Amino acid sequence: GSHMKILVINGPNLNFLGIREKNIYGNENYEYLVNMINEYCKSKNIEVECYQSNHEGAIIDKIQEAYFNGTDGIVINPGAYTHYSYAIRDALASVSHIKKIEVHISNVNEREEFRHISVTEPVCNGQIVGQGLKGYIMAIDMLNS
């Protein structure tokens, strides 16, 4: 369209930023994250929607909807689904014309062993990890490149 259209998907538990495990995920809350993204996109003339769900199937539904509605790019933090949801992987693979960047707040490489592997990353166009909430902004920049 006339402006780039990005969808930011946050997966399960991400609406509990600021409540959950503060030493790992930071002190700022989910509303803070959404506001940060919205204000950054406004400043870049990027249309953005921030979506969050705890449901694997709803995430997939939202990726499918992005196919039909002119979405150019997806920034996705699948939450714990990163480590096991082959269904979200297949959904991301099904939208071949949408650029996708995976984001993790924490340095997943240095946490529990099960967090070291992402089953979604192989079908994404990029990734970021371990940069805190700024990783979302870095992902937007990757898409707006």
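Residues carry their position along the shown sequence, with the first being 1.
- 62-70 and 85-93 differ in mean CA B-factor, and the higher of the two is recorded for 62-70.
- Stretches 8-16 and 124-132 differ in mean CA B factor, with 124-132 having the higher one.
- Of the candidates 118, 52, 107, 27, the one whose C-alpha carries the top B factor in the deposited record is 27.
- Placement of the Cα temperature factor of residue 80 within the chain: lowest third of the modelled residues, per the deposited record.
- In this PDB entry, residue 36 carries a Cα temperature factor that places it within the highest third of its chain's modelled residues.
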